[PDB]
Amino acid sequence: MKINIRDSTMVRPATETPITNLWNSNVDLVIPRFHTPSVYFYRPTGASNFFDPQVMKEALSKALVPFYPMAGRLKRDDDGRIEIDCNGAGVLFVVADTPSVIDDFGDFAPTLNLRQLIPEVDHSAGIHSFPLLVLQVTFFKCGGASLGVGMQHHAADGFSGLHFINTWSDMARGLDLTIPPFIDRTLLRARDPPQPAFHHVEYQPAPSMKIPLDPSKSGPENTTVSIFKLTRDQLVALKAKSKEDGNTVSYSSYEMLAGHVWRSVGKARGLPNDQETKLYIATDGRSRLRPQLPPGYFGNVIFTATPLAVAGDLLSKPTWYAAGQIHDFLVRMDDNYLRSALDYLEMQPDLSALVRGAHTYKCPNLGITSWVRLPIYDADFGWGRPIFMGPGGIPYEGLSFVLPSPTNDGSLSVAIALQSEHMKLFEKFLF
Ligand SMILES: CC(C)(COP(=O)(O)OP(=O)(O)OC[C@H]1O[C@@H](n2cnc3c(N)ncnc32)[C@H](O)[C@@H]1OP(=O)(O)O)[C@@H](O)C(=O)NCCC(=O)NCCSC(=O)/C=C/c1ccc(O)cc1
């Protein structure tokens, strides 16, 4: 899998954008320290026109006017707090070629030679050097191309990120902005003074293994990334179930699915009865914060639900028990709880310390991020919607994504990184 960079360009906003510093809220700070990798794959239309770099770059430049912070840089304020320096410095746009064909990627598992479709950032050099957004269009010998996205998560969550990407693809089709970015994270400013109302389990350290894992089995070595498809039908049966073993309470499709994955993972890993496993579920607070956020709110509004169970219970009890634990946390996360969370974060002396990076997600724990509602397939640059869109490679073991069907259809895909031996067993999944 060899990549030949053809051309590299620092694209700037088409016109003068505001020169300003953009404050980060507590949840723009407690985010991963890296560029979130995502990848789109497109079949060729057969037209010579296909993904014309000039069309792409002119559109990019246009989109970087309403979404100008995306073209800025990181800097710290006088208190060492990370903020966005909106200096319109720009976004990296790379074009590459490869002798490989798209079909080499087979099923499109986020293995991380898929990371080669995204330009790599050399982190430091400084905090202020590397651009917030990197982009690579890669032309395959088969005629198709990929779009690789690397987005510094301080700029935005996947929700605002997609807002920008889709807006970009729109402008490439001569269309204009639809919902303008609303740019002001101070709506998530903590209350003054901070008064937490809950004990927030989502910010407490993850359970470690009672018996220390074999390092020759648990490194990034011997960590495998795979994908699996549920049909629907299996998704129909999965949600029901639920009535299993006399149980009367009806849980939601996500809840039953996430519990099933969670449970399937524990079985695959052979967790002993007394072992605790913590599940990390990324939750969007746009819909829950009850003063109610503007459409096109530009930033991070991701909170975290973390149900916990002893494996003895999780794996021996029916799947609706796992779904129950999940539901029990998800339902507690109303505006009041979220506001409590912001105030809790406000009282911590260093938010960088609360950033999960697995350790957090390593065995015996797990993260399930669902993109099922994200408009991940709307990025049509003029040559059609992507045949696939997924995480640009899963770094940590124990991290997993739920992807919606490109065709649609009511099938889902689960993309997961597990220890290699554990991965073969993870087919408690279709079980
Ligand atoms: C997982 C949640 C918490 C719930 O999902 P669900 O259970 O499947 O929800 P459903 O779709 O089944 O049903 C939701 C509906 O339930 C309804 N509901 C409410 N309570 C009830 C009730 N008590 N009874 C029955 N119905 C009810 C409620 O109205 C709600 O409606 P609505 O919210 O308007 O769709 C979901 O809302 C959520 O918070 N998702 C988080 C978004 C997410 O997964 N993001 C992934 C980010 S990963 C990342 O780092 C991104 C990096 C990235 C960066 C840049 C990029 O370009 C790309 C990626």
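Residue indices begin at 1 and follow the sequence shown. Whatever order the structure lists ligands and atoms in, that order sets their numbers, starting from 1.
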Under 4.0 Å from a heavy atom of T369: give me the atoms of ligand 1 that qualify, with their elements. 46 (C), 47 (C), 48 (S)

Are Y337 and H200, when compared by the centres of their aromatic rings, separated by less than 6.0 Å? yes

Cut-off 3.5 Å, side chains only: do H153 and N300 have a donor facing an acceptor? yes

Is atom 20 (N) of ligand 1 close to the protein, meaning a heavy atom under 4.0 Å from it? no

In terms of side-chain geometry, is the basic nitrogen of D343 or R339 positioned less than 4.0 Å from the acidic oxygen of its partner? no

For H153, atoms of ligand 1 separated by under 4.0 Å from a heavy atom: 50 (O)

Taking the six-membered ring where the residue is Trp, are the ring centres of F34 and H123 under 6.0 Å apart? no

Could you tell me whether atom 43 (C) of ligand 1 has at least one protein heavy atom nearer than 4.0 Å? yes

List every atom of ligand 1 that sits less than 4.0 Å from any heavy atom of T36, numbering the atoms from 1 in the order shown and giving each element. 52 (C), 53 (C)

Does a donor on one side chain and an acceptor on the other come within less than 3.5 Å for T277 and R269? no

Determine the interplanar angle of the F105 and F108 rings, folded into 0 to 90°, and report it as parallel if under 30°, tilted if 30 to 60°, perpendicular if over 60°. parallel

Does any donor atom in the side chain of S405 or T407 lie under 3.5 Å from an acceptor atom in the other side chain? yes

Quick check, are the ring centers of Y344 and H199 under 6.0 angstrom apart? no

Is there at least one protein heavy-atom neighbour under 4.0 Å from atom 35 (O) of ligand 1? yes

Whether the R286 and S160 side chains hold a donor-acceptor pair (N or O, under 3.5 Å, no angle test) is what I'd like checked. yes

Atom 13 (O) of ligand 1 within contact range, any protein heavy atom under 4.0 Å: yes

Can you find a protein heavy atom under 4.0 Å from atom 47 (C) of ligand 1? yes

Could you tell me whether atom 16 (O) of ligand 1 has a protein heavy atom closer than 4.0 Å? no

For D284, take its heavy atoms, then give the atoms of ligand 1 lying under 4.0 Å from any of them. 38 (C), 39 (O), 40 (N), 41 (C)

Atoms in ligand 1 with a heavy atom of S252 nearer than 4.0 Å: 7 (O)

If you measure from the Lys or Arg side-chain nitrogens to the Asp or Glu carboxylate oxygens, is any gap between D103 and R43 under 4.0 Å? yes

Under a 4.0 Å heavy-atom limit, does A282 contact ligand 1 with its side chain, its backbone, both, or neither? backbone

Under-4.0 Å heavy-atom contact between protein and atom 25 (C) of ligand 1: no

Atom 32 (P) of ligand 1: protein heavy atom closer than 4.0 Å? yes

Within 4.0 Å of some non-hydrogen atom of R288, the atoms of ligand 1 are 3 (C)

Would you please determine whether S253 falls within less than 4.0 Å of ligand 1 on a heavy-atom basis? no

